[PDB]
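S.K.: Here it is, the structure in full.
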Amino acid sequence: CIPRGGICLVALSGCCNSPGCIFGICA
């Protein structure tokens with residue numbers, strides 16, 4: 001669980017809510 005702009009596709013796989021996950025930021 002993390003907010004928007006906290007990496008989710010570059011290192012992580014998922015966040016807290018509405019996370020598109022891009023390169024270098026979660027959503």
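Labeling convention for the structure tokens: chains A, B, ... as they appear, residues from 1 per chain, ligands from 1 in order of appearance.
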Show me, as a list in words, the residues that have an atom within 9 Å of residue 14 of chain A when counting only C-alpha atoms, minus same-chain residues fewer than 6 positions from it.
M.R.: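 Returned residues: residues 1, 2, 7, 8, 20, 21 and 26 of chain A.
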S.K.: Applying 8 Å and only C-alpha atoms, which residues near residue 3 of chain A remain after dropping the ones on its own chain fewer than 6 positions away? List them as a list in words.
M.R.: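 That gives residues 15, 16, 17 and 26 of chain A.
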S.K.: Using only N, CA, C and O atoms, please write the residues we just selected to a file, as a compact mmCIF listing (two decimals), in the first residue's frame.
M.R.:
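Once written, part_20.txt looks like this:
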```txt
# COMPACT_ATOMS: atom_id res chain seq x y z
N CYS A 15 0.41 -1.32 -5.67
CA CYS A 15 0.36 -0.27 -4.64
C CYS A 15 -0.93 -0.40 -3.80
O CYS A 15 -1.44 -1.51 -3.61
N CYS A 16 -1.44 0.74 -3.30
CA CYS A 16 -2.65 0.75 -2.47
C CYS A 16 -3.95 0.86 -3.29
O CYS A 16 -4.75 -0.07 -3.29
N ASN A 17 -4.14 2.00 -3.98
CA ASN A 17 -5.37 2.23 -4.77
C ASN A 17 -5.14 3.03 -6.06
O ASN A 17 -4.42 4.03 -6.07
N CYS A 26 4.54 5.12 -9.18
CA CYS A 26 3.29 4.36 -9.12
C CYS A 26 2.11 5.24 -9.58
O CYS A 26 1.67 6.15 -8.86
```
